[PDB]
Amino acid sequence: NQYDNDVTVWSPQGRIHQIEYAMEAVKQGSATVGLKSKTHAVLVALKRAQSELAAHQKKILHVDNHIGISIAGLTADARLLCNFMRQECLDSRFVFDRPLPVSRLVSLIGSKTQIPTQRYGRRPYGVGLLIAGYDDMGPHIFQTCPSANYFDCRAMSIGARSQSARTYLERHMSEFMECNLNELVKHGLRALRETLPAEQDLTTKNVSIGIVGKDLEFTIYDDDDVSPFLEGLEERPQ
Amino acid sequence: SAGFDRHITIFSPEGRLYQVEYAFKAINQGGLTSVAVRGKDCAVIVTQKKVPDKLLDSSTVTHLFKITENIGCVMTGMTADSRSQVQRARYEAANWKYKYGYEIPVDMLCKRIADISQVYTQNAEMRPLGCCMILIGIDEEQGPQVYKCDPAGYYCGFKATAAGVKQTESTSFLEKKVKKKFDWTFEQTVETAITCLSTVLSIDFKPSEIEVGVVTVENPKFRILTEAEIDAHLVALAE
Amino acid sequence: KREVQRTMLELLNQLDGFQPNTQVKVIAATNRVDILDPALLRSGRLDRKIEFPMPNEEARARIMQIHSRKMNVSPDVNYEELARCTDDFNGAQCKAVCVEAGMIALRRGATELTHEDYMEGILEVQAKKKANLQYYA
Amino acid sequence: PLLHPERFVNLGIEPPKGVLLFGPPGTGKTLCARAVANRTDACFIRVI
Amino acid sequence: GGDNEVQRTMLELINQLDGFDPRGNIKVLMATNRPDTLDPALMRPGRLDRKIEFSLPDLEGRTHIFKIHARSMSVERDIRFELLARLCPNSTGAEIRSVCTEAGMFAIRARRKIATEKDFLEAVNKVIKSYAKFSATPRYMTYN
Amino acid sequence: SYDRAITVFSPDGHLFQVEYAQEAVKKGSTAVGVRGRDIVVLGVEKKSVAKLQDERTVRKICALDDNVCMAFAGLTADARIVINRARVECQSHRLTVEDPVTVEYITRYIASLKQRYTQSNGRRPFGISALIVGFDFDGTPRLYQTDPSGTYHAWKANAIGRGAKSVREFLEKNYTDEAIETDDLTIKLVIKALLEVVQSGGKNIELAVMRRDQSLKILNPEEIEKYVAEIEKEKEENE
Amino acid sequence: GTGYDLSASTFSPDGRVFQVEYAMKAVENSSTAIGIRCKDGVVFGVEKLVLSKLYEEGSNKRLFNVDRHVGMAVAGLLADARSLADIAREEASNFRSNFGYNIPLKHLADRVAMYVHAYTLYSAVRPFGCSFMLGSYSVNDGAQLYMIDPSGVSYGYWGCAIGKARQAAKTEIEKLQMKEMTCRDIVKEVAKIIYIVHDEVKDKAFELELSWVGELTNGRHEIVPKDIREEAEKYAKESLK
Amino acid sequence: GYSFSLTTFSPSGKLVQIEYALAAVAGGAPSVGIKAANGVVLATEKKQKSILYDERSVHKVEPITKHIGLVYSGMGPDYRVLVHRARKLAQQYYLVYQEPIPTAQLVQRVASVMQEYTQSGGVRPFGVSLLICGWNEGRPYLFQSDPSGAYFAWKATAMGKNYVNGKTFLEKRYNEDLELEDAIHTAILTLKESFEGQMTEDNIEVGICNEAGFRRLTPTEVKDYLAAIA
Amino acid sequence: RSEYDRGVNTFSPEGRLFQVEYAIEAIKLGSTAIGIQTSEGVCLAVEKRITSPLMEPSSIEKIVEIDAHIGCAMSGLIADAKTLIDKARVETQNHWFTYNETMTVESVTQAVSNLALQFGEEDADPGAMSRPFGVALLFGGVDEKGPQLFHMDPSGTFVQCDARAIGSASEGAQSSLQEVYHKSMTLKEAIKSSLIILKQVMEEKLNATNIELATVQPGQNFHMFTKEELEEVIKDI
Ligand SMILES: Nc1ncnc2c1ncn2[C@@H]1O[C@H](COP(=O)(O)OP(=O)(O)OP(=O)(O)O)[C@@H](O)[C@H]1O
């Protein structure tokens, strides 16, 4: 197939294959989940460990007081995007002195990621994101995509082995709204557990949490800070 | 031969720019036709308009453009490329008027467009813009003037010309007519053009099926003809 | 496109300008049709040609459902997602996906299949050998 | 599958009935084939 | 169409393998060095459901193969197999057998009764870093 | 992966283009260098004058600065360019910091230049492997050797060019603190080193000795003949 | 035809570009979007598809406001469309700044179209993969409607449909008397048209997006207010049964 | 294998693309140039594909300056391009030195610009060849230039289609010495040698380069010369 | 493989980005290095792997001093290592100048990574060369947070690791470390274990000139190469 090597060539069926390959790249990462009540947006991530000794990779990145990010896919693209995001939020605060609405930020990210799919000269950004924020219109959980397409998801999960997570979210999608913070977090990490294989179980080492609330600046919990949430969670069904 | 020299604008054994050659086939790809004629004191352009779907503002579909108050143009071939070339021509006419202080003679404008096309074909990284153009105007002390361009950058002045799919038959018929001795009065010119188009296509078109644009020495303004007037001319041609 | 030539001539004349009645019907299947002689199809000879397109995502999911009917599949499975992932596949490949997912489940001792099993099967049939590739967290 | 078809029948799973071994030369595919032939306890047929 | 005979033979083979009513108890194995040349008809699953790829053994596999081969040899117990397995980056078990034989022959040439690590590492140099390895081997002053 | 690109890796990981570049160096005339206790010497084959040609133009040993000398092996034009850049760099460095360049600094600079040319496509790496030597302030002998890949090293004594392998083996076998006791001993060491590979030419040798901190003086052929006579006399004596 | 379609800067022996042709084929596969023009204003109707049931309502809207007095409906690669929208919005902004009044729709539709066409002239950049419509209204000029395709040709329409079932939509639009109906009544029909061509069996759930412009909105573009879309949608279902 | 890019060398000979451009030049309208004792003459065939075309619209011999003519063979648009360039160069020289450009300098400048397009890249070389008249300093000049960038200096030549026959006839007829009128007769004769169809006052273009400035001949004069035998 | 290796601007059907796996493989042909972090400090051991007696052993620089409290060990292409080391030193000095303090180990590793990530951004710092770098680094240093050991890879990823081994023979060294390490180690014990592992891995018998060792502990500066102590350390073992 000679229609596959470049991103600026249309397939005879009307497709750009490099985009599908970036989709796969996003599939290459690990799992990640996001939920939102009326008040809080909670995004949970499962982080791998390259070896036993090394410390698990970071999966949640602090972007602003009201904006938090989970990544899956290429690390380089993740870091570049995170830098872009941080810079844009800072400029908005400097010029207007107000938090940047999540939707405008996601729109900017899409407009930036689109260009590499059009002009030959750089690969499409191969990283999928979960953006959890709180603005005047309450919480938001957006999900971007290497194709420069973004979605306003009420509860979404992306990454390797995320189908089970999505099915669980849909099944219990009804009551995610009125639930409090603790219940929301419990649902999120229960979904993540569902993504985990049968043997392994969630532990205070390989799970990280991020929360942005109506009155709560974005906070990242890892290691012992996560024990309060995990403890009390229902035993894994068998 | 062909097989290697058929992807970029570079020479071939028995020097042959195949790309510019393919541009002309692209021009024919439109599926239309046009005919221009030059009279004693007038010039006429005729084209066939094909609205295939009723849900379409017939006014918005047109192939006669006004390059300048006195200079009229008709385009043929790929639509978007023709529009781009038309815009370039308008720009060049405006620039000439601004810099030198008088309306651009038709021949010079045609030359400018030809030069642009030539520079495009010489250097790579730009498609040859496969659309052909015909210009009509009135030049003081020179009478009516008709000129034609081509994507290859060649241009020339004509006494009568055709473009599009039926170019060859139309031009043969026009030559047959021209070798005959006629005065070519305004009515005569329009009748000749419409007759040539009809005979080439054998259609006996209704008054909404074709567009006409004429420039006359009495009123150098390039005026697009209206349905009533074209219908009157057509019936008169039927006698 | 000489024994084979004689045989094809025999069959052709057998079906050529003969059997005006419809009491006898034949179906000929070809893996590829570019080496079959044009005389075969002709016009009044084999004009009935049935192209078989490449199964589509909906068709692929339907095929997996068909072949998985006997299997003990947990309802959670999402055939639509599997079809979306399984690009440029055929019925045989889908059947292989089903049977080999069943094999994976048996290997791990599972009583019933699961979406992850089908994903593993799809990755396996092409022999992709999925593994953690670093620089991808 | 040949020794204990009961397990396969339980889940209604069919043996592949055919395997293609491939890889760069010298891997041992022929070695593995002869090895399994040692413990086959059934008729094994090579080819020429 | 000079291959028509082999082609028809293969077509008969594949047809008898699968299609209509096969026996269903015929376990078929196939070994080819370059499957890419194989036709679509045979490679399509159903006829050949399983695909077992035999890749180059990893480090641990190489250590295991070294231990398996060398056990019969008469050698001092102090040799580090893992070192050797590392020294052969990507080599099939055939090369491991070759280096075992080469080390034994080196020992014989020295009129010795037991092989030592030196025998093994020079054998390795012979069977791997001596055929095509000679480019950056002397000018390794690029990697440190 | 393949070789027709500087900036492409291989499944093994090599950058084949630069490995190929090293062969050009390997194909040049031999050069040798040794670092004494108070003297630094280098010698070159520099053979085969073409009957009707001058020799003052064919230069293989050149002085970068009043306290740093250099001798190369590889493509001649590339050597010329590198030498010119090194000289300009030495003077500029003395301009910005009013201290003479230490040999290590200039070796690092040259290696960086070669690496930069190795960096990207559209630029062919230098097919040159130089050999720098000299003294710096505080008067410490030093010898450095660079490679087209952009890496450099310090040696007590080393050789490059064709037959550099045999010369290197001989040096490592013979180099000892005794051989460095006096200047003449080092000169004789280098002379015999070259003799081991330059055949019995004798007149196909050019030796540049930077005695401590005076100047890079090129030995007159007669002196080389004298030293060769001494070497042969000693060889006869020990036999 | 192979060997000639790897880039948009090459001509086929038959004399035609192929990348442009491929792009058009990439748009046809998109979901439908129809727009018809009433005497007093213009109406757009889009058939957005719902995926995964997890997307918040109104996700990735396919109706945009390039300007307060202009609209846009898109079909094809959404990512590309969004890029065009910002180009349009910028294009209108410059016009107002440079001249000082709302941009005529006919002119803007031309300027944006030129942009799309310019992307099918170079081998470095692929042609756009989205076809979109434009609509506006104003007392000075009256209702207007335009359509644009990847090739970059912009004709003005009385009723247009772009997407999978453009044929079925156009077929149904023809039997409406757009030349004389009031835009309020048009809305009811547009709902019916989409539902007729929806093909619920082979596409699953969908959301009906509707857009308004006309003297009913004082020459302003805004989505049809809820409780009107509800009425039309209720009627559309009724007509189906 | 090679002969696609104007950069790489053949594995023996020379670049090919330039040779192919020369070939394109060969298959063009006939042209003839005769350097007389006291002037220069240029002639070219100018036949339209039909009677519709206007023969007074586009010319093939053009004045670069008051005393430097120019005729071409090969493609036309390139001829327009480099005639414009040559006019620019002549004007620049006049501005700098306040003196009419001597012909040789113009020829070499034009050759430089022409070879400029043969350098690397996608910029294909000119597919035309030029003959230049000129009467500076008191003696006529006739130069030829080609896409290769080399410029010769002929006494009398003919290029384009069937140039071999023209060259043979030229070396047969023109000896060394003629006036402008006899040179014109020889030139029209040479064109007729290979010209197809009856020649008229409108089929061919003729220009002269004297000690009054280069000038193109009007249809009446060319008709007169065409008459009177020859 | 099946194509897609000719550049870093093309994905694969499985999404993998070749020309990065290959760069990772590149480091596999360097001399092994080991780094162990304990409460008392960070110890780095490396196999010098000399080739010819003539060459000065010091010229083979495998363990550089990034700063008074940050040391680095590299294994891969030498030129890439040199460029990265220079970047780290420059950026440390710049940070000290602007904020008048000593930069953390994590910050230095991340600053280097930001340069290592820019393969083909087309608007990168002068350290971008289209192809990825081919060197893996180990940074060890004592900062406000105690002793820290960070590992890098050409992809740009970096990670904290208490015990690590890189370069040719990294696999076996990692396997050993995984079973000899325990959080309550003492710097002397860590050094002895590192040496025992290293010598067990290398083919050549351990010698005072074979290896290079360095250590950084809270009280002391990095500038302790244990030069001429190597003899003592080895002969105790
Ligand atoms: N552990 C091992 N793994 C693999 N091969 C081994 C091993 N130990 C020894 N070998 C030798 O490796 C060789 C691999 O050859 P194999 O059995 O693949 O046949 P072959 O002649 O290589 O055919 P092909 O090249 O097509 O595989 C055998 O001769 C086998 O004895």
# chains A, B, ... in the order shown; residues from 1 in each chain; ligands from 1
>>> residues_near_ligand(ligand="ligand 1", cutoff="6 Å", atoms="only C-alpha atoms and all ligand atoms", output="VMD selection string")
(chain D and resid 25 to 31) or (chain E and resid 32 to 33 65 93 to 94 97)
>>> interface_residues(of="chain B", to="chain G", cutoff="12 Å", atoms="only C-alpha atoms", output="ChimeraX atom specification")
/B:2-9,18-30,51,53-63,77-88,120-121,124-131
>>> interface_residues(of="chain I", to="chain E", cutoff="12 Å", atoms="only C-alpha atoms", output="PyMOL selection string")
chain I and resi 2+25-33+46-52+55+59-63+73-82+134-136+167-173+175+198-205
>>> residues_around(residues="segment 67-76 of chain A", least_positions_apart="5", cutoff="6 Å", atoms="only C-alpha atoms", output="PyMOL selection string")
(chain A and resi 25-26+28-29+59-62+126-133) or (chain C and resi 135-137) or (chain I and resi 117)
>>> residues_around(residues="segment 4-12 of chain D", least_positions_apart="6", cutoff="12 Å", atoms="only C-alpha atoms", output="ChimeraX atom specification")
/C:67-73,98-107,109-113 /E:25
>>> closest_atom_pairs(of="chain E", to="chain D", cutoff="6 Å", atoms="only C-alpha atoms", output="tab-separated table")
residue	atom	partner	partner_atom	distance
E:27	CA	D:17	CA	4.9
E:28	CA	D:18	CA	4.5
E:29	CA	D:19	CA	4.9
E:30	CA	D:20	CA	4.6
E:31	CA	D:21	CA	4.8
E:32	CA	D:22	CA	5.4
E:33	CA	D:24	CA	5.7
E:48	CA	D:18	CA	4.6
E:49	CA	D:16	CA	5.1
E:50	CA	D:19	CA	4.3
E:51	CA	D:20	CA	4.9
E:52	CA	D:21	CA	4.8
E:53	CA	D:22	CA	5.0
E:54	CA	D:23	CA	4.8
E:55	CA	D:23	CA	5.9
E:92	CA	D:27	CA	5.4
E:94	CA	D:26	CA	5.5
>>> residues_around(residues="residue 102 of chain H", least_positions_apart="4", cutoff="12 Å", atoms="only C-alpha atoms", output="number ranges by chain")
H: 65-68, 89-91, 93-94, 97-98, 106-109, 132-141
>>> write_last_selection(atoms="N, CA and C atoms", output="tab-separated table (two decimals), in the first residue's frame")
chain	number	residue	atom	x	y	z
H	65	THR	N	16.94	46.84	-28.06
H	65	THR	CA	17.30	48.23	-27.88
H	65	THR	C	17.36	48.88	-29.26
H	66	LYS	N	17.80	50.13	-29.30
H	66	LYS	CA	17.86	50.83	-30.57
H	66	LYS	C	18.75	50.12	-31.58
H	67	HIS	N	19.67	49.27	-31.13
H	67	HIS	CA	20.60	48.64	-32.06
H	67	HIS	C	20.91	47.20	-31.68
H	68	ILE	N	19.95	46.49	-31.10
H	68	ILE	CA	20.14	45.07	-30.82
H	68	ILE	C	18.85	44.32	-31.08
H	89	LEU	N	18.37	44.21	-18.70
H	89	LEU	CA	19.82	44.28	-18.55
H	89	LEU	C	20.40	45.42	-19.37
H	90	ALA	N	19.92	45.59	-20.60
H	90	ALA	CA	20.43	46.67	-21.42
H	90	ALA	C	20.17	48.01	-20.77
H	91	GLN	N	18.97	48.20	-20.21
H	91	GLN	CA	18.67	49.47	-19.57
H	91	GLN	C	19.55	49.68	-18.34
H	93	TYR	N	22.58	48.57	-17.83
H	93	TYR	CA	23.90	48.96	-18.30
H	93	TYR	C	23.92	50.40	-18.75
H	94	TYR	N	22.90	50.81	-19.50
H	94	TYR	CA	22.88	52.19	-19.97
H	94	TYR	C	22.84	53.16	-18.80
H	97	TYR	N	26.52	53.20	-17.11
H	97	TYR	CA	27.64	53.75	-17.87
H	97	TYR	C	27.25	54.85	-18.85
H	98	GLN	N	25.96	55.11	-19.04
H	98	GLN	CA	25.52	56.15	-19.96
H	98	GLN	C	26.11	55.93	-21.35
H	106	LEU	N	25.90	42.25	-23.78
H	106	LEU	CA	24.51	41.82	-23.64
H	106	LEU	C	24.40	40.32	-23.83
H	107	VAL	N	25.11	39.78	-24.81
H	107	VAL	CA	25.02	38.36	-25.08
H	107	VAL	C	25.49	37.57	-23.87
H	108	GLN	N	26.62	37.98	-23.28
H	108	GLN	CA	27.14	37.19	-22.17
H	108	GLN	C	26.27	37.34	-20.93
H	109	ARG	N	25.71	38.53	-20.70
H	109	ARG	CA	24.79	38.68	-19.58
H	109	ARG	C	23.57	37.78	-19.76
H	132	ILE	N	21.20	36.96	-31.90
H	132	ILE	CA	21.25	38.38	-31.57
H	132	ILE	C	22.02	39.10	-32.67
H	133	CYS	N	21.45	40.20	-33.16
H	133	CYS	CA	22.12	41.10	-34.08
H	133	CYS	C	22.87	42.15	-33.28
H	134	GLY	N	23.33	43.20	-33.95
H	134	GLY	CA	24.01	44.28	-33.26
H	134	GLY	C	24.99	44.99	-34.15
H	135	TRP	N	25.05	46.32	-34.04
H	135	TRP	CA	25.95	47.11	-34.87
H	135	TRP	C	26.65	48.18	-34.05
H	136	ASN	N	27.24	47.78	-32.93
H	136	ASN	CA	28.02	48.71	-32.13
H	136	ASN	C	29.47	48.76	-32.62
H	137	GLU	N	30.08	49.92	-32.46
H	137	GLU	CA	31.50	50.22	-32.66
H	137	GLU	C	31.87	50.31	-34.14
H	138	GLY	N	30.98	49.95	-35.06
H	138	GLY	CA	31.27	50.08	-36.48
H	138	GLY	C	31.30	48.78	-37.25
H	139	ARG	N	31.09	47.63	-36.62
H	139	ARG	CA	31.07	46.37	-37.34
H	139	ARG	C	29.88	45.54	-36.87
H	140	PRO	N	29.18	44.87	-37.78
H	140	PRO	CA	28.03	44.07	-37.38
H	140	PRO	C	28.46	42.87	-36.56
H	141	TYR	N	27.55	42.42	-35.70
H	141	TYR	CA	27.77	41.25	-34.88
H	141	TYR	C	26.57	40.33	-34.99
>>> select_by_dssp(residues="segment 3-85 of chain E", states="alpha helix (DSSP H)", output="ChimeraX atom specification")
/E:4-17,40-43,59-70,81-85
>>> write_last_selection(atoms="N, CA, C and O atoms", output="short mmCIF file (atom, residue, chain, number, x, y, z; two decimals), in the first residue's frame")
data_model
loop_
_atom_site.label_atom_id
_atom_site.label_comp_id
_atom_site.auth_asym_id
_atom_site.auth_seq_id
_atom_site.Cartn_x
_atom_site.Cartn_y
_atom_site.Cartn_z
N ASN E 4 2.29 -24.93 -13.85
CA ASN E 4 0.90 -25.36 -13.78
C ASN E 4 0.76 -26.68 -13.03
O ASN E 4 -0.22 -26.88 -12.30
N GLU E 5 1.71 -27.59 -13.19
CA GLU E 5 1.60 -28.88 -12.52
C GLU E 5 1.70 -28.73 -11.00
O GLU E 5 0.85 -29.25 -10.26
N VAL E 6 2.73 -28.04 -10.52
CA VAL E 6 2.85 -27.83 -9.08
C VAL E 6 1.66 -27.02 -8.58
O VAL E 6 1.17 -27.24 -7.47
N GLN E 7 1.19 -26.07 -9.39
CA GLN E 7 0.06 -25.25 -8.98
C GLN E 7 -1.18 -26.10 -8.77
O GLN E 7 -1.85 -25.99 -7.74
N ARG E 8 -1.51 -26.96 -9.73
CA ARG E 8 -2.68 -27.82 -9.58
C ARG E 8 -2.50 -28.79 -8.43
O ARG E 8 -3.46 -29.10 -7.71
N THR E 9 -1.28 -29.29 -8.22
CA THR E 9 -1.05 -30.16 -7.07
C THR E 9 -1.33 -29.42 -5.77
O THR E 9 -1.98 -29.96 -4.86
N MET E 10 -0.87 -28.18 -5.66
CA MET E 10 -1.13 -27.39 -4.46
C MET E 10 -2.61 -27.11 -4.30
O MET E 10 -3.13 -27.11 -3.17
N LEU E 11 -3.31 -26.84 -5.40
CA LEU E 11 -4.75 -26.60 -5.32
C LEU E 11 -5.47 -27.83 -4.79
O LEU E 11 -6.34 -27.73 -3.92
N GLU E 12 -5.11 -29.01 -5.31
CA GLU E 12 -5.69 -30.24 -4.79
C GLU E 12 -5.37 -30.40 -3.31
O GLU E 12 -6.24 -30.79 -2.51
N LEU E 13 -4.13 -30.11 -2.92
CA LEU E 13 -3.75 -30.23 -1.52
C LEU E 13 -4.63 -29.36 -0.64
O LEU E 13 -5.23 -29.83 0.33
N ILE E 14 -4.74 -28.07 -0.97
CA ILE E 14 -5.51 -27.16 -0.13
C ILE E 14 -6.97 -27.59 -0.10
O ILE E 14 -7.60 -27.58 0.96
N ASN E 15 -7.52 -27.97 -1.25
CA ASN E 15 -8.92 -28.40 -1.27
C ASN E 15 -9.14 -29.58 -0.35
O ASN E 15 -10.08 -29.59 0.45
N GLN E 16 -8.27 -30.59 -0.43
CA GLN E 16 -8.43 -31.76 0.43
C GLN E 16 -8.19 -31.41 1.89
O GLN E 16 -8.72 -32.09 2.78
N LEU E 17 -7.40 -30.38 2.15
CA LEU E 17 -7.13 -29.99 3.53
C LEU E 17 -8.39 -29.46 4.21
O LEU E 17 -8.76 -29.91 5.30
N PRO E 40 -1.95 -16.48 -0.75
CA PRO E 40 -3.05 -16.16 0.16
C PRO E 40 -3.92 -17.36 0.48
O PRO E 40 -4.41 -17.48 1.61
N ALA E 41 -4.12 -18.26 -0.48
CA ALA E 41 -5.10 -19.33 -0.29
C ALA E 41 -4.73 -20.22 0.89
O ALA E 41 -5.59 -20.54 1.72
N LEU E 42 -3.47 -20.63 0.98
CA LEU E 42 -3.07 -21.49 2.08
C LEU E 42 -2.94 -20.71 3.38
O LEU E 42 -3.38 -21.18 4.44
N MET E 43 -2.36 -19.51 3.33
CA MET E 43 -2.11 -18.76 4.55
C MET E 43 -3.40 -18.35 5.24
O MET E 43 -3.39 -18.06 6.44
N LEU E 59 17.73 -13.15 25.82
CA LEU E 59 18.92 -13.39 26.63
C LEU E 59 18.74 -14.65 27.48
O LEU E 59 19.60 -15.54 27.48
N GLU E 60 17.63 -14.74 28.20
CA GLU E 60 17.42 -15.89 29.07
C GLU E 60 17.37 -17.18 28.26
O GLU E 60 17.96 -18.19 28.65
N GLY E 61 16.68 -17.15 27.12
CA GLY E 61 16.67 -18.32 26.26
C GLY E 61 18.07 -18.71 25.83
O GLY E 61 18.42 -19.89 25.81
N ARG E 62 18.89 -17.72 25.47
CA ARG E 62 20.24 -18.03 25.04
C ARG E 62 21.04 -18.66 26.16
O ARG E 62 21.80 -19.62 25.93
N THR E 63 20.89 -18.16 27.38
CA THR E 63 21.57 -18.79 28.51
C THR E 63 21.12 -20.23 28.66
O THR E 63 21.94 -21.13 28.88
N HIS E 64 19.81 -20.47 28.55
CA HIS E 64 19.31 -21.83 28.69
C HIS E 64 19.90 -22.74 27.63
O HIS E 64 20.30 -23.87 27.92
N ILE E 65 19.94 -22.27 26.39
CA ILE E 65 20.47 -23.09 25.30
C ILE E 65 21.95 -23.38 25.53
O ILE E 65 22.41 -24.51 25.31
N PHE E 66 22.71 -22.37 25.94
CA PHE E 66 24.12 -22.59 26.23
C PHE E 66 24.28 -23.66 27.29
O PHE E 66 25.08 -24.59 27.13
N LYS E 67 23.52 -23.56 28.38
CA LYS E 67 23.64 -24.55 29.44
C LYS E 67 23.27 -25.94 28.93
O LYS E 67 23.93 -26.93 29.27
N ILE E 68 22.23 -26.03 28.10
CA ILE E 68 21.81 -27.33 27.59
C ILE E 68 22.91 -27.95 26.75
O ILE E 68 23.25 -29.13 26.91
N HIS E 69 23.50 -27.17 25.84
CA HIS E 69 24.51 -27.73 24.95
C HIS E 69 25.78 -28.08 25.70
O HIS E 69 26.31 -29.19 25.55
N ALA E 70 26.28 -27.16 26.52
CA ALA E 70 27.59 -27.34 27.13
C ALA E 70 27.62 -28.40 28.22
O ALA E 70 28.70 -28.83 28.61
N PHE E 81 28.01 -18.77 31.84
CA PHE E 81 27.21 -18.91 30.63
C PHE E 81 26.52 -17.60 30.27
O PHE E 81 26.54 -17.17 29.12
N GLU E 82 25.93 -16.94 31.27
CA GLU E 82 25.22 -15.70 31.01
C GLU E 82 26.08 -14.71 30.24
O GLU E 82 25.60 -14.02 29.34
N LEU E 83 27.37 -14.65 30.58
CA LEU E 83 28.27 -13.77 29.85
C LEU E 83 28.27 -14.11 28.37
O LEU E 83 28.13 -13.24 27.51
N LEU E 84 28.40 -15.40 28.06
CA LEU E 84 28.40 -15.83 26.67
C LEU E 84 27.08 -15.47 25.99
O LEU E 84 27.06 -14.86 24.92
N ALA E 85 25.96 -15.81 26.63
CA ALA E 85 24.66 -15.50 26.05
C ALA E 85 24.57 -14.03 25.71
O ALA E 85 24.03 -13.66 24.66
#
>>> closest_residue(among="B:10, B:149, B:35, B:113", to="residue 161 of chain B", atoms="only C-alpha atoms")
B:35
>>> residues_around(residues="residue 128 of chain E", least_positions_apart="5", cutoff="10 Å", atoms="only C-alpha atoms", output="PyMOL selection string")
chain E and resi 87-91+95+99+122-123+133
>>> residues_around(residues="residue 180 of chain I", least_positions_apart="3", cutoff="8 Å", atoms="only C-alpha atoms", output="list in words")
residues 176, 177 and 193 of chain I
>>> select_by_dssp(residues="segment 111-164 of chain A", states="strand (DSSP E)", output="list in words")
residues 127, 128, 129, 130, 131, 132, 133, 134, 135, 138, 139, 140, 141, 142, 143, 151, 152, 155, 156, 157 and 158 of chain A
>>> write_last_selection(atoms="C-alpha atoms", output="PDB file, in the first residue's frame")
ATOM      1  CA  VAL A 127      -1.495  11.443  22.613  1.00  0.00           C
ATOM      2  CA  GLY A 128      -5.031  11.227  23.960  1.00  0.00           C
ATOM      3  CA  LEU A 129      -6.067  13.478  26.807  1.00  0.00           C
ATOM      4  CA  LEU A 130      -8.655  13.772  29.535  1.00  0.00           C
ATOM      5  CA  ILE A 131      -9.212  17.377  30.605  1.00  0.00           C
ATOM      6  CA  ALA A 132     -10.981  17.869  33.933  1.00  0.00           C
ATOM      7  CA  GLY A 133     -11.883  21.429  34.826  1.00  0.00           C
ATOM      8  CA  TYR A 134     -14.245  23.656  36.759  1.00  0.00           C
ATOM      9  CA  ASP A 135     -15.469  26.962  35.361  1.00  0.00           C
ATOM     10  CA  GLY A 138     -19.636  23.830  36.716  1.00  0.00           C
ATOM     11  CA  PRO A 139     -17.352  20.900  35.994  1.00  0.00           C
ATOM     12  CA  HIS A 140     -16.205  19.615  32.629  1.00  0.00           C
ATOM     13  CA  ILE A 141     -14.608  16.396  31.413  1.00  0.00           C
ATOM     14  CA  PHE A 142     -13.351  16.743  27.851  1.00  0.00           C
ATOM     15  CA  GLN A 143     -11.612  14.052  25.823  1.00  0.00           C
ATOM     16  CA  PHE A 151     -15.736  15.645  22.849  1.00  0.00           C
ATOM     17  CA  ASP A 152     -17.605  16.961  25.881  1.00  0.00           C
ATOM     18  CA  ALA A 155     -17.957  10.210  31.846  1.00  0.00           C
ATOM     19  CA  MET A 156     -15.258   8.809  29.570  1.00  0.00           C
ATOM     20  CA  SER A 157     -12.382   6.337  29.689  1.00  0.00           C
ATOM     21  CA  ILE A 158      -9.540   5.960  27.189  1.00  0.00           C
TER      22      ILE A 158
END
